[PDB]
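Okay, here we've got a single chain as structure tokens, the form deposited without adenosine-5'-diphosphate, with questions on binding and movement later.
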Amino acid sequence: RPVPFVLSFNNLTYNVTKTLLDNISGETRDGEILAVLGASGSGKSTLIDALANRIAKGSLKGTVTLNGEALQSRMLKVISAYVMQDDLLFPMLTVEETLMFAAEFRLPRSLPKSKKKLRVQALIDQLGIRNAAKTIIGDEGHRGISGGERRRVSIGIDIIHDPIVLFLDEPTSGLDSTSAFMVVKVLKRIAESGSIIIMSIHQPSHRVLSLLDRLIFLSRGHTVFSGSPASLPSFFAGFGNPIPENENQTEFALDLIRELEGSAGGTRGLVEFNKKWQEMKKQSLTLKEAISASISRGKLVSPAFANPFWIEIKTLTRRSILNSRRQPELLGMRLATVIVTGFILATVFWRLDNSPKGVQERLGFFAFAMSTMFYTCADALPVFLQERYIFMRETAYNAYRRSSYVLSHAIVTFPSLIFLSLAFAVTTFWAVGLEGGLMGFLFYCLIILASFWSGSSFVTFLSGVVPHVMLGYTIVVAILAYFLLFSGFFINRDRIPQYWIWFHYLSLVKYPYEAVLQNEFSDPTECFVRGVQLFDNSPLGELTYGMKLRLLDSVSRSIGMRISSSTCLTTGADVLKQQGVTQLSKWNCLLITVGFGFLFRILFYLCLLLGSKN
């Protein structure tokens, strides 16, 4: 009643030299489940990777055939689906929405959402999940569905377009033996429609072999047994190792392979008996209209991408402002280190005066404040490396572009950066007593938000060159401490040596720290040294007010000027010349702060161009 398909791979030789696979031939129908078995890395996978064309063309030789005719990689990516050995899903997003996000990414948009809603409703019944249709997927801290019932969802994402041939790389690994049965029970329920399934089971159970209809055993790139599980007693009995009854088949037959991994035993005594066993059982058409008949059966619901790049952006935004709504303790940890640091910094540096020490306390406030923006965003390396393992899975199916992923991941962090930036700028502006009034408050809000923007762009760029969270945190703290050393606070710009001046200008803390200094120390009325404050902290300077004016009028008798106690010697424009903060305006220091944000999002896109292509 389905349309009959025949996949028949032949003479596969995969070399890398290594000769990792050597002369594997096979045949599969629909209705059946071809299971490929191996011991611990025998080549069970790298045969699933070889039949899905996921290795190389040229390093594999051998005709892969479907319906008795040749097969190229253009047809096997609209017709097939490879299910990786993971469950990389978002921890929120209940399982009607996980499969509806994967619906709109991958099913074409010429379909209405009305037909697309029942395709997910057909799939949610074909899978054995209706108790979990309204419950959260639920990672280790927010438990919401079962472990082997997550597996039918990640399997179900890849069958959103209802493929014909379905490659699965160990779909029952890490599952208990009674939920791994219902995985293979719904897999044959998929295969009871017009579907070919080539999966690589690691050590099947006993109740599962009511479903597997054809087996292949591999010993380091050589086939050892190839046939039905009913012929599995009759094969091993005729080889010289009979089978114990009332005992689990396909386990006795599999560790007997492993005992022949000895020094002189060898499975080479099995590879030519496998060649003589095939000879004794010979007892005795335009696939694109067979595909077109199998589209009209109801399969193959699925262009390079199924959406333009302005619908993949609002699908990836809606998916991540809904995954982040349902756990508001990520913006309760990036906000309880901004309110907490904003309360500490505003009460230590409470109402700083116009003193020579209060000037040096402003530079110490502005360097500790403008480094909080770069550390606060470092507490997203858990979630930034949580996706890009989901992105690397979803771009194998061409669900969205990599350009459309960076532009959507930059957008959704930005409403949570505006609220962190005016929670630090409301706390530490009227308490520290910063200068500017209101147009100098809005610049303080702007440069906090632009330092959150380039500090979250820098650590989303590193999350994309690092493999794990803990390595990409001890070099986030190490780089953002060398960015602070070179900001011009610890050592000024004109005192940094010539061989280190390239890294002064490449510092991400240099440009916001120099922007809050010109926002604060540019006021012609504010005076930090007034006349008889000239002699304060030198040995000349512990005098009294009486002889200070004779000391000050005598200086007036030496240059030709007239200096009094109302002369306003050191303004705010001379504080900046003492620090070397004279090369750029505060808006050009706000431009380079934003322009280093956009640099690590173009450099992030190029590391998605390399690490996903390789």
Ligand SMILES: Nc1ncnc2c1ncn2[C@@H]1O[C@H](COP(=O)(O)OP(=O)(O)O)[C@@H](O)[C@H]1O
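Under this definition, the rigid core comprises the largest set of C-alpha atoms superposing within 1.5 Å between the forms. Position 1 is the first residue in the sequence shown; the rest follow in order.
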**Report entry** Unmodelled deposited residues flanked by residue 284 on one side and residue 285 on the other
**Finding:** 10 or more
Report task. Count, per the entry, the deposited residues between residue 302 and residue 303 that are not modelled, and return the matching class: none, 1 to 3, 4 to 9, or 10 or more. Result -> 10 or more
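Omitted here: the form deposited with adenosine-5'-diphosphate bound. The next part is about that form.
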Requested in this report: Examine residue 552 and determine whether its closest non-hydrogen atom to adenosine-5'-diphosphate in the deposited complex is within 4.5 angstroms.
Outcome: no
Query raised in the report: residue 563 near adenosine-5'-diphosphate in the deposited complex, any heavy atom under 4.5 Å?
Result: no
**Report entry** Close approach of residue 44 to adenosine-5'-diphosphate in the deposited complex, 4.5 Å, heavy atom
**Finding:** yes
Query raised in the report: Does the 4.5 Å heavy atom contact test between residue 594 and adenosine-5'-diphosphate in the deposited complex come out positive?
Result: no
Query raised in the report: Of the listed stretches (61-69, 584-592, 22-30, 45-53), which one has a non-hydrogen atom within 4.5 Å of adenosine-5'-diphosphate in the deposited complex?
Result: 45-53
Query - Core-aligned CA displacement of residue 553 at least 2 Å between this form and the one not shown - result: yes
